[PDB]
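J.: Here's a structure for you.
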């Protein structure tokens, strides 16, 4: 499965965060996708966006849908998994199915210093 260059992935994602998958949510029969409740650790990008467009659960939990999407290479998660999430707020025309949800935009990434550093780097450059 081919994935896009990290630079384009950072581009097509207004929000990049890190967190833990606490629970698997319901399935989306229409798109053959599922959602999960995630406990956010830190935002690598788009924190302001999530603050003004998402109603948070317990102030540190978000729901991310889009898991299982065939077009995304690394797209599976289990309870307890920790990853870097490249996401976008759920668009209007996807309500109320995915209202108040972040949708996976690209492949999940493992938590390692290399990854954290590389992503911050691209978030840093592009931000100029």
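In the working numbering, the protein residues as written are 95 to 222.
The C-beta atom is built at its ideal place from N, Cα and C for all residues, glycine as well.
1) Kindly indicate the opening and closing residues of the beta strand (DSSP E) around residue 143.
2) Go through its chain and collect everything with a Cβ distance to residue 117's Cβ below 7 Å, but skip five positions before and after it.
3) Please report the Cβ distance between residue 161 and residue 169, rounded to the nearest whole angstrom; I am assuming they are in contact, meaning their Cβ atoms lie under 8 Å.
4) Counting beta carbon pairs with one atom in the segment 213-220 and one in the segment 144-158, are three or more of them shorter than 8 Å?
5) Leaving out the 5 sequence neighbours to the left and right, which residues in its chain are closer than 6 Å to residue 176 when beta-carbon positions are compared?
6) If you measure between the beta carbons of residue 194 and residue 182, is that distance less than 8 Å?
7) Check the C-beta distance from residue 212 over to residue 100 and give it rounded, since I have them as a contact under 8 Å.
8) Are the CB atoms of residue 122 and residue 191 within a distance shorter than 8 Å?
9) With DSSP collapsed to three states, give me the class of residue 100.
T.: Walking through what the data contain:
1) Not the beta strand (DSSP E): residue 143 falls in the alpha helix (DSSP H), residues 141-147.
2) 130, 131, 173
3) 6 Å
4) no
5) 114, 205
6) no
7) 7 Å
8) yes
9) helix
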